Amino acid sequence: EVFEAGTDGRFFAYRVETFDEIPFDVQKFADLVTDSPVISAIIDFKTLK
Amino acid sequence: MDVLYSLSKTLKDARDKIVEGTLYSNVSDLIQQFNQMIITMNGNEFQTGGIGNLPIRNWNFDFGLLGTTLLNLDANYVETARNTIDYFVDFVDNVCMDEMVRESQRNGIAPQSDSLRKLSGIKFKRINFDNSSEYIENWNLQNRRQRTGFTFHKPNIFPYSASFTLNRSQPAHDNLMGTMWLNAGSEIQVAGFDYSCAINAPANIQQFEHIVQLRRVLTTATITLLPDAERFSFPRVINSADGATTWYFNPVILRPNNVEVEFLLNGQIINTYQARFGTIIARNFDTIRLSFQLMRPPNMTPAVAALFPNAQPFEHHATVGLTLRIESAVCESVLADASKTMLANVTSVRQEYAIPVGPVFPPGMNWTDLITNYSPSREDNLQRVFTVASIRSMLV
Amino acid sequence: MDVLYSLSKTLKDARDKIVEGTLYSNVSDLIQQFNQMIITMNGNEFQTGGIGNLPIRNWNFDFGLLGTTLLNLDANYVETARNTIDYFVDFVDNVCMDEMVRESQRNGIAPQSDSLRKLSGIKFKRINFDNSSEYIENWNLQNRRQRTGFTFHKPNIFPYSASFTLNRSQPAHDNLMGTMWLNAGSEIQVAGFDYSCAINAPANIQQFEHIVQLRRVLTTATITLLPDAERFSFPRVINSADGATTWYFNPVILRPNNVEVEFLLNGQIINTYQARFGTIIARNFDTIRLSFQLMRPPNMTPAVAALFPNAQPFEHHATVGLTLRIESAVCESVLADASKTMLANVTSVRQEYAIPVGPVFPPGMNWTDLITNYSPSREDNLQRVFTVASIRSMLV
Amino acid sequence: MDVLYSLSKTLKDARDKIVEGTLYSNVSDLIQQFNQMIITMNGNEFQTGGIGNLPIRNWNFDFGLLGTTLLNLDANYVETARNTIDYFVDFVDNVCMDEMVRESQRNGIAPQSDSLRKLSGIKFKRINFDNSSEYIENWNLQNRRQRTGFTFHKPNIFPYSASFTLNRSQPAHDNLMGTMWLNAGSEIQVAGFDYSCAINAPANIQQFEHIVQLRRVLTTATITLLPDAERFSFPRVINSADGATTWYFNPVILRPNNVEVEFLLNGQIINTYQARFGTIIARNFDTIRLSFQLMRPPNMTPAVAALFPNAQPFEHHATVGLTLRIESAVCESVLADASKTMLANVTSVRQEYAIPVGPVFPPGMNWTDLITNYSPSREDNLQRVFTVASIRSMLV
Amino acid sequence: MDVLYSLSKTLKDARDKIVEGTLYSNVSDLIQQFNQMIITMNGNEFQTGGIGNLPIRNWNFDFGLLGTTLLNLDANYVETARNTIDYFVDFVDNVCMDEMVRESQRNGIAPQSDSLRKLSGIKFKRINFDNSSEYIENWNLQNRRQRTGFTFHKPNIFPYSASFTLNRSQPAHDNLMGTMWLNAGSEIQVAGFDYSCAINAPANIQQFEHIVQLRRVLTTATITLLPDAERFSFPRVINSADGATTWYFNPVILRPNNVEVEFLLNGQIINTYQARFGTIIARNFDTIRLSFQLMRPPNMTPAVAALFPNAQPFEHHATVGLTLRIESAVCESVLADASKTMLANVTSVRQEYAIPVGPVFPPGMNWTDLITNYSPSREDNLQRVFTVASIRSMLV
Amino acid sequence: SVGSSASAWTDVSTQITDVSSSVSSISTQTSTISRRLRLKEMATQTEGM
Ligand SMILES: [Cl-]
Ligand SMILES: [Cl-]
Ligand SMILES: [Zn+2]
Ligand SMILES: [Zn+2]
Ligand SMILES: [Zn+2]
Ligand SMILES: [Zn+2]
Ligand SMILES: [Zn+2]
Ligand SMILES: [Zn+2]
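Participant: Explain the coordination of the zinc ion (ligand 4) here, please?
Facilitator: For a metal bound by four donors in tetrahedral geometry, the ideal donor-metal-donor angle is 109.5 degrees, whereas six donors in octahedral geometry ideally sit at 90 or 180 degrees. Within the first shell, the zinc ion (ligand 4) binds the protein through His153 of chain B (NE2) and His153 of chain C (NE2), at distances of 2.0 Å. Here the residue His153 of chain B occupies a position in strand 3 (residues 150-153), and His153 of chain C occupies one in strand 3 (residues 150-153), the pair thus bridging two chains. Of the residues examined, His153 of chain C reaches a relative accessible area of 9% and is grouped as buried.

Participant: Got a minute to help me understand helix 7 (residues 342-352) of chain C in this structure?
Facilitator: Given 3.6 residues per helical turn, the α-helix brings residues three or four places apart onto the same face. Residue and element names in this part refer to chain C. Looking only at helix 7, the buried set comprises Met342, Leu343, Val346, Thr347, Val349 and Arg350. Each buried residue of helix 7 sits inside an arc of 160° when the element is viewed along its axis, so together they form one side. Away from the buried face of helix 7 by more than 90 degrees, exposed residues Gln351 and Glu352 are located. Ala354 sits one or two residues past helix 7 and shows a positive phi near 50°.

Participant: Looking at this structure, I do not really get the relation of the copies chain C and chain B. What am I missing?
Facilitator: Comparison of the two chain copies shows a relationship of rotation about an axis with a shift along it. The transform that puts chain C on chain B rotates by 120° and translates by 0.1 Å along the axis, for an RMSD of 0.4 Å. The superposition operator between the copies reduces to a three-fold rotation axis. Considering only C-alpha atoms, the residue of chain C closest to the rotation axis is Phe234 of chain C, which sits at 3.5 Å. Counting the interface residues of chain C, we find that no more than 6% of their copies in chain B are interface residues as well, pointing to two distinct contact surfaces.

Participant: Explain the relation of the copies chain E and chain D to me, please; I cannot follow it from the model alone.
Facilitator: In screw terms, the move from chain E to chain D is a rotation of 119° and a rise of 0.1 Å along the axis, fitting with an RMSD of 0.4 Å. When you check the interface residues of chain E against chain D, a mere 4% turn up at the interface there too, and the two sides of the contact use different surfaces.

Participant: What am I meant to see in the arrangement of the chains here?
Facilitator: Considering only C-alpha positions, the minimal separation of the non-contacting chain A and chain C is 10 Å. For chain D and chain F, which are not in contact, the least C-alpha distance works out to 20 Å.

Participant: Please explain the UniProt feature "binding site: Ca(2+)" in chain B as it appears in this structure.
Facilitator: All names here are of chain B. On the UniProt side, "binding site: Ca(2+)" is annotated at positions that read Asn266 and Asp286 here. For the annotated residues, spread through 21 residues, the largest C-alpha to C-alpha distance comes to 7.3 Å, consistent with a single compact locus. Residue class for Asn266 comes out exposed when judged on its relative accessible area of 67%. Examined against the element boundaries, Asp286 turns out to sit in strand 13 (residues 278-295). Once you skip the residues sitting within four places of it in the chain, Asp286 turns out to touch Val212, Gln213, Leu214, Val217, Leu264, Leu265 and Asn266.

Conventions adopted
- Along every chain, residue numbers run from 1 in sequence order, not necessarily as the entry numbers them; residues that have no coordinates are omitted.
- To label them, take the chains in the order written and letter them from A, then take the ligands in the order written and number them from 1.
- Within a larger assembly, only the chains shown are considered here, and all values are given for them alone.
- Processing note: side-chain calculations cover all non-hydrogen atoms of the structure and skip hydrogens and water entirely.
- Counted as donors are N, O and S atoms no farther than 2.8 Å from the metal, or 3.2 Å for Na, K and Ca; water is not among the atoms, and sites may therefore look incomplete.
- In this text, helices come from DSSP runs of H or I with a minimum length of four residues, and strands from runs of E with a minimum of two, each type numbered from the N-terminal end.
- Relative accessibility under 20% of the residue-type maximum defines a buried residue, over 50% an exposed one, and the middle range a partly exposed one, all with a 1.4 Å probe and only protein chains included.
- The arc in question is the one traced by the directions running from the helix axis out to the C-beta atoms.
- Their C-alpha atoms serve as the basis for the least-squares superposition of the copies.
- Pairs of residues are marked as contacts when any of their non-hydrogen atoms sit within 4.5 Å.
- UniProt positions are given in the numbering used here, feature names are shortened, and annotations may be inferred rather than shown by experiment.

Following this line, the structure appears as structure tokens:
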């Protein structure tokens, strides 16, 4: 499962196998992003879908 | 769903009625239904769990029938029936938990767990019998597309929102005019405040309006309307609209003037109540329009006249209010309320087994988020899980 | 208890179903059960005792069976059945009253009246039939040591206590810091006040904490949490902790900061809610920890800054609040709630007949004292009397 | 549990009684029970262990029976029985281990493992025979909800607690007055100290009190009371309340005065002992209240007078003490004790196989946390695992 | 007694062995014994008396025989047996309680209650069967005037006595020499103190002696002997012999020298242990003689030499201790101990029903008074009540 | 904290806030977090380019 945030204020949660948006779970994106590797969204969700 | 409910109802009846010493004439039909359940479920393999921390469990049904002849039930009959009922109740509880923790964007009304999908086959229709509960009755009626009605005591229809609107404001926040409200559960408190007390308003009357859009149509609603909003009637340091600073509120409560409560459906006035406080009835509505006026008292005693000077500073700020409580209502769609425990049951089951956030419901089944965006798919999934929760509550 | 409930249920069914014109097929099983009750009770002498002002009453049963000849019940059949049912209802009501007015320290769950003790003999087991009520279901589950459950709307779980704690105080009560709370029924209102508005706090934050220990574990609880505490948001004159003097409280309500509501079971955090208001679910808990903070506004408009000076005197005292209402919950032990009338029934029966204070319950049947020291003996006796009260209310 | 206990008891009796040369009349009934066990277990597949490091083991039973007509058992008969006994002992040991490593918040008393849940089927009830152990007897009585209790030697009823309370103190900790206690297992040592030796106390008497609340009601308890607390009888350097600094304690032991030990149940004085040392009996209690006094010796020899001056500095601090040891007791709930090995067995099994911490027991099966928060759910699960541990220790 | 024990044993065996599903071969002898008991007790009237607050209770026995002809016991069988067993167990418990609260100066070994006197008739001897318990076995041995043996863990053989003896003293109490001891339960702590540290002794050796005369002969006793007596190793303020004044004790512990523990029987040395610590065996004794010595260290470092000046004042007082714990032993007479609950049970039954003090036992069944004056009449009555208590504890 | 536990990466700050457009709280939280995920980019705590 992919969580995504943007400085513009756009956030997206989705699944890797199929790119369908998911209810964004704040307080889980934060715990993931404080420690785990963070990936720049060159090909951000909208382009991926 | 009807088959699962029938299993649960048969087990509940078996627990309640198959007791030591009772006449067999009291349970003859119940024993026949129980035997039909045994026959239908025999030779079937079921699997439950596998989502979150919900454990995988396999169920195989091979039970004999109850066919002993008696006048009054004895300990042997009760013990055998108890063993069978215990196994079946465990199976039904696990199936209900499995179905409660699942959702789908498409066809969320349809069964999600493979156990319930298997139970939805034609071969199991024999298990089906009396469907008398409110939730199963509504389920069957909606399957037939007849009108369905869920009766709620204090429906949880308004998502939590403590907000304010400033119709007149300035950086110092010393001469403000606006409204502040709390919409929570079945309660709507609104307070219109004017710092100048309508000294320069046309006819010394200020007008405040609060429009609340219900996410679902409520019918046969009993409402209690009270003049004052006690929540917005004490001194308060409130944040700025953008949080840049904080302003001061020092209410002095004047009675609301020219109160009109309009209960609207599709923008059409269904019910209107003018200067009526106490118990009122809104027969069918989806919007509430509370319009009330702050009227500067034409005649003031010296103590009152001291509070409202002609010009600034305004140390005391005039405030009118309104409190609206929906004591009871009827809604075609399911909702949380103060008397039922279905939302609590589903949330507890999802939290206990660490169910991952799905594609329909918000994280943690936050009711405010759910009712704010109460979409048709969310409504279907919520109805499904609430029906399953009631079925489970019949036993567990 | 099961036999007494069965008697009451049979009589209720007879009253409801034995009506003029009804088909005998609608009452065949009911008539058979009623006649079994007649046979079992016939030839037995009962006495309901004279504890308190309850009259000593003697009961003899020599009733003939109900007829089975009419295709449709008529007026004569209904009148004869009415006479028999009236006698049996009087007997059952008197037995229930005699049981409700009695308590034991050693075995409170066992019958205390000689009538119910006699009904616990084996020969009366024939009377036993459908046990479908919630209270009797829970009684039977408890007898078997199974997971019991009582669903309460607004459970009366918090004993009444309006108290305050002053973390910082002085003889003149002009620079105070502390909390004041009301824990009443299903409601907890708490308010932390700082007279200095955290001017000298380590980071302009003052931390307030309220710990409420529930006397019994609550499960599947729907809880409404709201920011402000309307009860501690107006000026008050409050007796000192020792009653030697009085102090002045002049609240100005600030938004609570960093609100953490924790629902704990055995000291472990079962549920946690951060800055979440509205409807929340506490799935299983026995303690509530409400942590909030009074944060000095970093930016203030001129009036707000005027409220809070850098040093004494402090005429406006900053206050943050919290309100927590348990709309509904589930508890393994019996409790008083806003819906069921069991506590009222037991108290009314005791007061009507001037029952002397026993060794178990408080000397008024007062719920605050009872729920305060909710001992296992008190719980057993309360379950017994509440079950008997439900049985009686089925008829009376 | 009864079926598992019956398996273990049958295997133990097979080991003990099926011996070379024994008359067949000595084992006829035992051989019948053993053959019944073989018959019932034959054709059944069992699976044990998928939690932690407990390996998955699969059990199949296709064993032959034992002869029934010979006069004296010989080496051939014993050799035939030994292989079956070994396999069944291994199976029962693994089933007991699988059950000991499991817990549930909802139904802790019900079986948790798949194997024990299958053994709860009706067909295995034929294996059931004599349930004569204390733990199984209590299991059955408690299932029937009959008054039953466990007898403990040195019950482990007090969670570890080494603490002190200072009624009189100051930053230099030079003139203190208070109490220090150790609560550990069945032992309470309490010591009240006065640095001034009650020079300024009214009547030259200083009163100390210690209240200990037991988490479960102990009955028929034998207590040893001694007038000195040897734990707090030597010089100590003690951390302050907040750990900011350390203070000095230099006890000089005076005999306690007006010693009163009150054993209370729900706030009611059940037993009272004044100036009684040695063996005392506390028939029924949940609270211990120790009240003692320090009295200045009205007459002092020159050294004693030198110990206690009229004013500071106080170099010798007068201490009175009490020691209370519960030699044996009876409790309706299971507890760890110095004689049984149930807690040790459960802890060892959980540690050896790295059982993940569950939602009921404290991690590592810590007894202090377990008895500090000894909830009904914890009590249920602890009784279950302790009974299983006794069953296992019957063989292993 | 044997008939009462047989009733209790039969009922315990019935509760343990008559379980649902068990083979009838497991209970054939038990069912025969139970039917024999039913036949013997049927038609007999019993009355448990009203001594103290113990209620008067009337018992009538009219029960049918337990069935034969079942291959495996079913639920109906167990239910009928449970009803009969419950009535019989209640009767047995009440009879045991009635017997436990009664005593006589002469013929105290004979039954005192009317129920047990009736049960001692010849017509009830049929009920008698296996007498395997230790207490009933010793009862039978005593009835036959054979050697009796009770095994105790930590026998309560020493009455509480904390005393001191001053072999050298004076009004100032600055240069004392003597011994102080505590004898409690199975523990003896003794400490010989010399304030001069044997500076003027004949060979710098001070000899200390302690003789403890046991009031009953103990055989096969294992005893832990340890050098120091921690109870008398810290500073104390001790009342004078007559309480006129108080003296100061400031021990400095030197190791005991030339330790000598003699266990004497009728003034004859049975066991001797010299310089032996740890576990020792006293095979048969009634007196303990502990002879130890304080030897002045011939060589002393400056710190040691500073504590022991040639002449007064003596601020540091030399002490040599000894601890003796009887971990287990065997006695021909009944005693209180840590493991068993006989004394606690008898005392609890006497306290619960407010039995007035009789002419035999000390008030409150105080063990110190009981064993300080353990007369033959007291021994007979105590054995009787303890045997009845064990019989009751088999079922309660 | 907008996470389970406190972290400098997961702290909310000034955010004068923009009433110009109807803004969700989650959007503000995610934007504030991403503005520090930029320093994650420049702290070798990223995975892809
Ligand atoms: Cl309400
Ligand atoms: Cl010990
Ligand atoms: Zn503003
Ligand atoms: Zn309500
Ligand atoms: Zn005060
Ligand atoms: Zn021991
Ligand atoms: Zn301190
Ligand atoms: Zn003296």
